[PDB]
Every structure is written in C-alpha cells, then in structure tokens.
>>> print(open('final_30.cif').read())   # mmCIF, C-alpha atoms
data_structure
loop_
_atom_site.label_atom_id
_atom_site.label_comp_id
_atom_site.auth_asym_id
_atom_site.auth_seq_id
_atom_site.Cartn_x
_atom_site.Cartn_y
_atom_site.Cartn_z
CA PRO A 1035 -70.63 12.66 13.13
CA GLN A 1036 -74.44 12.68 13.41
CA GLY A 1037 -74.62 16.37 12.45
CA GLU A 1038 -76.49 18.03 9.58
CA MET A 1039 -73.39 18.28 7.39
CA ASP A 1040 -71.86 15.23 5.73
CA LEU A 1041 -68.29 14.12 5.04
CA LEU A 1042 -69.15 12.71 1.60
CA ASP A 1043 -70.65 16.05 0.47
CA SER A 1044 -67.03 17.18 -0.12
CA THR A 1045 -66.32 14.25 -2.48
CA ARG A 1046 -67.40 13.16 -5.96
CA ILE A 1047 -69.54 10.30 -4.61
CA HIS A 1048 -73.21 10.57 -5.54
CA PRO A 1049 -75.73 10.63 -2.65
CA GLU A 1050 -77.21 7.32 -3.85
CA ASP A 1051 -73.86 5.67 -2.98
CA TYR A 1052 -73.40 7.24 0.47
CA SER A 1053 -74.53 4.09 2.28
CA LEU A 1054 -72.23 2.09 -0.01
CA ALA A 1055 -69.28 4.30 0.94
CA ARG A 1056 -70.16 4.07 4.63
CA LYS A 1057 -70.40 0.27 4.41
CA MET A 1058 -66.97 0.20 2.74
CA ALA A 1059 -65.58 2.45 5.50
CA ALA A 1060 -67.19 0.40 8.29
CA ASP A 1061 -66.03 -2.95 6.90
CA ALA A 1062 -62.51 -1.57 6.37
CA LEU A 1063 -62.21 -0.69 10.09
CA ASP A 1064 -62.87 -4.37 11.07
CA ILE A 1065 -66.09 -3.46 12.91
CA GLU A 1066 -68.37 -6.44 13.58
CA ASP A 1067 -71.25 -5.01 15.66
CA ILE A 1068 -72.22 -3.02 12.54
CA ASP A 1069 -75.58 -3.72 10.91
CA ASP A 1070 -76.44 -2.41 7.44
CA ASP A 1071 -79.65 -0.72 8.63
CA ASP A 1072 -77.85 1.27 11.38
CA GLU A 1073 -76.96 4.53 9.63
CA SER A 1074 -75.63 6.09 12.86
CA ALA A 1075 -72.91 3.47 13.32
CA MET A 1076 -72.02 3.81 9.62
CA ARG A 1077 -71.58 7.57 10.04
CA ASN A 1078 -69.49 7.07 13.19
CA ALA A 1079 -67.30 4.52 11.39
CA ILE A 1080 -66.70 6.70 8.32
CA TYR A 1081 -66.05 9.74 10.57
CA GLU A 1082 -63.44 7.80 12.56
CA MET A 1083 -61.91 6.48 9.33
CA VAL A 1084 -61.58 9.87 7.62
CA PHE A 1085 -61.04 12.02 10.76
CA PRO A 1086 -59.57 9.74 13.45
CA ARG A 1087 -59.10 11.08 16.96
CA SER A 1088 -55.72 9.33 17.43
CA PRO A 1089 -54.01 8.74 14.08
CA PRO A 1090 -51.08 6.29 13.97
CA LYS A 1091 -47.40 7.08 13.35
CA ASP A 1092 -46.85 9.14 10.17
CA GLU A 1093 -50.45 8.66 8.99
CA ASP A 1094 -52.93 11.51 8.65
CA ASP A 1095 -56.01 9.26 8.61
CA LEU A 1096 -57.16 5.63 8.50
CA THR A 1097 -57.91 5.78 4.74
CA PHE A 1098 -54.91 3.50 4.06
CA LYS A 1099 -56.85 0.49 5.41
CA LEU A 1100 -59.11 0.65 2.32
CA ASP A 1101 -56.35 -0.98 0.24
CA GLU A 1102 -56.84 -4.28 2.11
CA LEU A 1103 -60.47 -4.52 0.91
CA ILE A 1104 -61.36 -7.01 -1.82
CA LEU A 1105 -63.65 -4.84 -3.94
CA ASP A 1106 -64.18 -7.59 -6.55
CA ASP A 1107 -66.10 -9.87 -4.17
CA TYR A 1108 -68.13 -6.89 -2.95
CA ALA A 1109 -69.06 -5.98 -6.53
CA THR A 1110 -69.95 -9.63 -7.22
CA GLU A 1111 -72.23 -9.76 -4.17
CA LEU A 1112 -73.80 -6.41 -5.13
CA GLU A 1113 -74.50 -7.74 -8.64
CA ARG A 1114 -75.97 -10.95 -7.20
CA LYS A 1115 -78.22 -9.34 -4.56
CA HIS A 1116 -79.27 -6.05 -6.16
CA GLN A 1117 -78.39 -6.41 -9.90
CA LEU A 1118 -76.17 -3.31 -9.74
CA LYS A 1119 -72.98 -2.87 -11.76
CA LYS A 1120 -70.88 -0.92 -9.25
CA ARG A 1121 -67.33 -2.23 -9.83
CA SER A 1122 -66.00 1.13 -11.02
CA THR A 1123 -68.02 2.94 -8.35
CA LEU A 1124 -66.15 1.14 -5.54
CA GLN A 1125 -62.85 2.27 -7.09
CA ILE A 1126 -64.11 5.86 -7.43
CA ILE A 1127 -65.29 5.81 -3.79
CA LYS A 1128 -61.91 4.44 -2.66
CA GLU A 1129 -59.96 7.11 -4.58
CA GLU A 1130 -62.23 9.91 -3.31
CA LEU A 1131 -61.99 8.66 0.30
CA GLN A 1132 -58.19 8.52 0.08
CA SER A 1133 -58.05 12.12 -1.20
CA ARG A 1134 -61.24 14.21 -1.28
CA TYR A 1135 -61.61 16.10 -4.59
CA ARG A 1136 -58.20 15.63 -6.16
CA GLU A 1137 -57.07 17.79 -9.07
CA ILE A 1138 -57.85 15.57 -12.06
CA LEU B 449 -82.02 -15.72 9.42
CA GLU B 450 -79.29 -15.12 6.85
CA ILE B 451 -75.79 -13.84 7.66
CA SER B 452 -74.83 -10.21 7.00
CA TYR B 453 -72.21 -9.95 4.27
CA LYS B 454 -68.75 -8.89 5.48
CA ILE B 455 -66.25 -7.73 2.84
CA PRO B 456 -63.21 -10.05 2.65
CA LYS B 457 -59.84 -8.44 3.29
CA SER B 458 -56.52 -9.09 1.58
CA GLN B 459 -54.11 -11.46 3.33
#
>>> encode(input="final_30.cif", output="structure tokens")
Amino acid sequence: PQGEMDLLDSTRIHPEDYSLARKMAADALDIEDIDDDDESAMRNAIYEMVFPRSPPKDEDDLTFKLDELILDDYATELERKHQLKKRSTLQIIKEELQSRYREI
Amino acid sequence: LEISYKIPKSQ
C-alpha cells in the first residue's frame, strides 16, 4: 500500500482530491486511530477497502460500506472549514471507488 | 485542542 504506484491513479479522481478520497475510505471503515495528517494510515485504509485480504460472503470488496456515509454533512464541514464546494466531488469519488473507470 | 471531524454514518 505504501508503494510508488497508487490505487486512485486508475480512477477519474483528480490528484488534489486523493487525500479526500482516502479520508472517505478511512472513515467508511470505522477506523478511529486515524489522524488526517497520517498519509500512511490513509493509504492502508483505502488499500484494505478496495483490495481487502479477506472479503465477506458474496462481496468482492469493502466498497459497499461507502453507502452508509453521510456525504452531505461532510460537504457542509468542508465548505465551513476550507470554503470548498465539493458536494458533487464526493459523489464522483464514491462512484469511482465502487467501480474504477466505468463505461460512461 | 479541537476534535478531529468524523463523518457521520447512516442509521
């Protein structure tokens, strides 16, 4: 997971939103030791979400847990803290994480 | 110190 290559390089997510996608992936996996500044733990979390080592029954990967996230509150907090309009970007990240480079 | 934001999950 710490390697030179990146999971999100095979998706439509821009590199400026890679930490946003990794924070979504880490918060979706119910991790609590995670800190925003720790990029390594973010990469481990997104790697275990997209390529789990022990997937559950009839599930290829843990991407289905993203549907429990409340993206609206996350977009509201992003707009409050950083003055970024990213409401559609969270949806695009979610769709790309669930299926990397669909046929549109 | 503040508290790190944790994304709420559907219930």
>>> atom_distance(input="final_30.cif", atom1="CA of residue 1103 in chain A", atom2="CA of residue 457 in chain B")
4.6 Å
>>> atom_distance(input="final_30.cif", atom1="CA of residue 1132 in chain A", atom2="CA of residue 1087 in chain A")
17.1 Å
>>> resolve_selection(input="final_30.cif", expression="the PyMOL selection byres ((chain A) within 10 of (chain B))", output="number ranges by chain")
A: 1057-1058, 1060-1062, 1064-1066, 1068-1070, 1099-1109, 1111
>>> write_last_selection(input="final_30.cif", atoms="C-alpha atoms", output="mmCIF file, in the coordinates of the input")
data_model
loop_
_atom_site.group_PDB
_atom_site.id
_atom_site.type_symbol
_atom_site.label_atom_id
_atom_site.label_comp_id
_atom_site.auth_asym_id
_atom_site.auth_seq_id
_atom_site.Cartn_x
_atom_site.Cartn_y
_atom_site.Cartn_z
ATOM 1 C CA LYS A 1057 -70.400 0.270 4.410
ATOM 2 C CA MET A 1058 -66.970 0.200 2.740
ATOM 3 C CA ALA A 1060 -67.190 0.400 8.290
ATOM 4 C CA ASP A 1061 -66.030 -2.950 6.900
ATOM 5 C CA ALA A 1062 -62.510 -1.570 6.370
ATOM 6 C CA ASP A 1064 -62.870 -4.370 11.070
ATOM 7 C CA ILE A 1065 -66.090 -3.460 12.910
ATOM 8 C CA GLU A 1066 -68.370 -6.440 13.580
ATOM 9 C CA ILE A 1068 -72.220 -3.020 12.540
ATOM 10 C CA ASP A 1069 -75.580 -3.720 10.910
ATOM 11 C CA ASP A 1070 -76.440 -2.410 7.440
ATOM 12 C CA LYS A 1099 -56.850 0.490 5.410
ATOM 13 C CA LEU A 1100 -59.110 0.650 2.320
ATOM 14 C CA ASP A 1101 -56.350 -0.980 0.240
ATOM 15 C CA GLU A 1102 -56.840 -4.280 2.110
ATOM 16 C CA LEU A 1103 -60.470 -4.520 0.910
ATOM 17 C CA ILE A 1104 -61.360 -7.010 -1.820
ATOM 18 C CA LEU A 1105 -63.650 -4.840 -3.940
ATOM 19 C CA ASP A 1106 -64.180 -7.590 -6.550
ATOM 20 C CA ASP A 1107 -66.100 -9.870 -4.170
ATOM 21 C CA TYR A 1108 -68.130 -6.890 -2.950
ATOM 22 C CA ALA A 1109 -69.060 -5.980 -6.530
ATOM 23 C CA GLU A 1111 -72.230 -9.760 -4.170
#
>>> residues_near_point(input="final_30.cif", point="(-57.0, 8.7, 9.0)", cutoff="6 Å", atoms="all atoms listed in the file", output="list in words")
residues 1083, 1084, 1085, 1086, 1089, 1094, 1095, 1096 and 1097 of chain A
>>> residues_around(input="final_30.cif", residues="residue 1043 in chain A", least_positions_apart="3", cutoff="12 Å", atoms="all atoms listed in the file", output="PDB file with C-alpha atoms, in the coordinates of the input")
ATOM      1  CA  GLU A1038     -76.490  18.030   9.580  1.00  0.00           C
ATOM      2  CA  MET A1039     -73.390  18.280   7.390  1.00  0.00           C
ATOM      3  CA  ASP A1040     -71.860  15.230   5.730  1.00  0.00           C
ATOM      4  CA  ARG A1046     -67.400  13.160  -5.960  1.00  0.00           C
ATOM      5  CA  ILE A1047     -69.540  10.300  -4.610  1.00  0.00           C
ATOM      6  CA  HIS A1048     -73.210  10.570  -5.540  1.00  0.00           C
ATOM      7  CA  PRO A1049     -75.730  10.630  -2.650  1.00  0.00           C
ATOM      8  CA  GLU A1050     -77.210   7.320  -3.850  1.00  0.00           C
ATOM      9  CA  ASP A1051     -73.860   5.670  -2.980  1.00  0.00           C
ATOM     10  CA  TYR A1052     -73.400   7.240   0.470  1.00  0.00           C
ATOM     11  CA  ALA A1055     -69.280   4.300   0.940  1.00  0.00           C
ATOM     12  CA  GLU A1130     -62.230   9.910  -3.310  1.00  0.00           C
ATOM     13  CA  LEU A1131     -61.990   8.660   0.300  1.00  0.00           C
ATOM     14  CA  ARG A1134     -61.240  14.210  -1.280  1.00  0.00           C
ATOM     15  CA  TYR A1135     -61.610  16.100  -4.590  1.00  0.00           C
TER      16      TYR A1135
END
>>> residues_around(input="final_30.cif", residues="residue 1041 in chain A", least_positions_apart="4", cutoff="9 Å", atoms="all atoms listed in the file", output="PyMOL selection string")
chain A and resi 1035+1045+1077+1080-1081+1084
>>> atom_distance(input="final_30.cif", atom1="CA of residue 1127 in chain A", atom2="CA of residue 1088 in chain A")
23.5 Å
>>> decode(input="final_30.cif", residues="chain B", atoms="N, CA, C and O atoms", output="short mmCIF file (atom, residue, chain, number, x, y, z; two decimals), in the first residue's frame")
data_model
loop_
_atom_site.label_atom_id
_atom_site.label_comp_id
_atom_site.auth_asym_id
_atom_site.auth_seq_id
_atom_site.Cartn_x
_atom_site.Cartn_y
_atom_site.Cartn_z
N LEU B 449 -7.21 21.89 22.45
CA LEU B 449 -7.26 21.13 21.22
C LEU B 449 -8.70 20.93 20.76
O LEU B 449 -9.61 20.72 21.57
N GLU B 450 -8.91 21.01 19.45
CA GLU B 450 -10.19 20.67 18.85
C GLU B 450 -10.37 19.15 18.78
O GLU B 450 -9.55 18.38 19.27
N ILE B 451 -11.47 18.72 18.17
CA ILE B 451 -11.75 17.31 17.92
C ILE B 451 -11.72 17.08 16.41
O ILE B 451 -12.29 17.87 15.65
N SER B 452 -11.03 16.02 15.99
CA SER B 452 -10.99 15.65 14.58
C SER B 452 -12.37 15.24 14.09
O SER B 452 -13.07 14.45 14.74
N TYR B 453 -12.78 15.80 12.95
CA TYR B 453 -14.08 15.51 12.38
C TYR B 453 -14.16 14.06 11.91
O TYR B 453 -13.27 13.57 11.21
N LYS B 454 -15.24 13.38 12.30
CA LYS B 454 -15.52 12.01 11.88
C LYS B 454 -16.86 12.01 11.17
O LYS B 454 -17.86 12.48 11.72
N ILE B 455 -16.87 11.51 9.94
CA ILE B 455 -18.05 11.53 9.06
C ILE B 455 -19.18 10.71 9.68
O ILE B 455 -18.98 9.53 10.00
N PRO B 456 -20.35 11.30 9.89
CA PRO B 456 -21.49 10.53 10.40
C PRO B 456 -21.93 9.47 9.40
O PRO B 456 -21.81 9.63 8.18
N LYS B 457 -22.44 8.36 9.93
CA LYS B 457 -22.86 7.23 9.13
C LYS B 457 -24.37 7.04 9.28
O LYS B 457 -24.95 7.35 10.32
N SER B 458 -24.99 6.55 8.21
CA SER B 458 -26.43 6.33 8.20
C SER B 458 -26.83 5.24 9.19
O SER B 458 -26.05 4.34 9.50
N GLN B 459 -28.06 5.35 9.69
CA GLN B 459 -28.51 4.55 10.82
C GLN B 459 -29.87 3.93 10.53
O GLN B 459 -30.17 3.61 9.38
#
